[PDB]
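Shown here is one chain on its own, the form solved without ligand ATP, set out as structure tokens.
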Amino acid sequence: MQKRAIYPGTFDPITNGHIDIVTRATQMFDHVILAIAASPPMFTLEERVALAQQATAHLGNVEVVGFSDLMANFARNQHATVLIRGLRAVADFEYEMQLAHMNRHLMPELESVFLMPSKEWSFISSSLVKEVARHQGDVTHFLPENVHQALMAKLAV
């Protein structure tokens, strides 16, 4: 089988945790669409797409695309049959169950798969990283270099 998978999120900004997950996905499926949600917001959609493209340029079977529809609607149109979700902690799990049962109702031919990040990134999030950086904390370790540079520029002005 030549599986097409979608890895959706806001990626605001994309972190080393996201890179970890999408890297694992590319080792599992023939084509991975890194789908950036237009809504919800430190970086614009065009900023978030460019940062994610640069940070995944080394992965040959990743396609970075923006989308504004319901995720399932975009997945259906893209002929994806696998929905990548990253699993960090118990707290996300309940919402992930809700979301996956809803997504299965909306598009039963799209199978949710949950990947586990490395221990290194199992306790971070885009939200926590932004909050720390906005309040003068060091987040260099959690971001690709291009994202780190864009984040510093964003927080300076």
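Sequential numbering from 1, following the sequence displayed. Shifts are known only where both forms have a C-alpha. By rigid core we mean the largest C-alpha set that fits within 1.5 Å across both forms.
Going by the PDB record, how many residues of the deposited sequence fall between residue 60 and residue 61 without any coordinates: none, 1 to 3, 4 to 9, or 10 or more? Missing in between: none.
Item to check | Of 62-70 and 93-101, the stretch whose C-alpha atoms average the higher B-factor in the entry | outcome: It is 93-101.
Could you settle it for me: does 13-21 or 145-153 have the higher average Cα B factor in the PDB entry?
-> Higher of the two, by average CA B-factor, is 145-153.
Would you mind checking which of 45, 33, 113, 129 has the top Cα temperature factor in the PDB entry? Comparing C-alpha B-factors across 45, 33, 113, 129, the maximum falls on 45.
Split into thirds by Cα B-factor across the chain's modelled residues, where does residue 29 land: lowest, middle or highest?
CA B-factor rank for residue 29: lowest third.
Exercise for the section: Pull the Cα B-factor of residue 51 out of the PDB entry and bin it into the chain's lowest, middle or highest third. Expected result: Top third by C-alpha B-factor.
Worksheet entry | CA B-factor placement of residue 37, once the chain's modelled residues are sorted into thirds | Middle third.
As for the form solved in complex with ligand ATP, it is not shown, yet the points below apply to it.
Requested in this report: Please check if residue 62 has a heavy atom lying within 4.5 Å of any heavy atom of ligand ATP in the deposited bound form.
Outcome: Residue-level check for residue 62: no, no contact with ligand ATP.
Given that ligand ATP is not shown alongside this chain, does residue 125 nevertheless sit within 4.5 Å of it in the deposited bound form, heavy atom to heavy atom?
Yes, residue 125 is a contact residue.
Report task. Verify the contact flag for residue 17: yes if a non-hydrogen atom of it lies within 4.5 Å of a non-hydrogen atom of ligand ATP in the deposited bound form, no if not. Result -> Yes, residue 17 is a contact residue.
Check your understanding: Should residue 96 be classed as touching ligand ATP in the deposited bound form when contacts are defined as heavy atoms within 4.5 Å?
Key -> Heavy-atom contact with ligand ATP at 4.5 Å: present for residue 96.
Partner contacts in the deposited bound form for 95-121 (non-hydrogen atom within 4.5 angstroms of ligand ATP) = The stretch 95-121, when checked against ligand ATP in the deposited bound form, contributes 96, 117, 121 at the 4.5 Å heavy-atom cut-off.
ask   = On a core-based superposition, does residue 91 travel 2 Å or more at its Cα between the shown form and the other one?
value = After core superposition, the displacement of the residue 91 C-alpha between the shown form and the other one reaches the 2 Å mark, so yes.
| task | Since the Cα separation of residue 17 and residue 91 moves by 3 Å or more in the deposited bound form, tell me which way: closer or farther than here. | result | Compared with the shown chain, residue 17-residue 91 is closer in the deposited bound form.
(request) Have a look at residue 90 and residue 97: in the deposited bound form, are their Cα atoms closer together or farther apart than in this form, given the change is 3 Å or more? (result) Compared with the form shown here, the C-alpha atoms of residue 90 and residue 97 sit farther apart in the deposited bound form, by 3 Å or more.
* Asked: Given a rigid core superposition, which stretches of at least 3 residues have all Cα atoms displaced by 2 Å or more between the shown form and the other one?
  -> Flagged stretch (3+ res, CA at least 2 Å): just 89-91.
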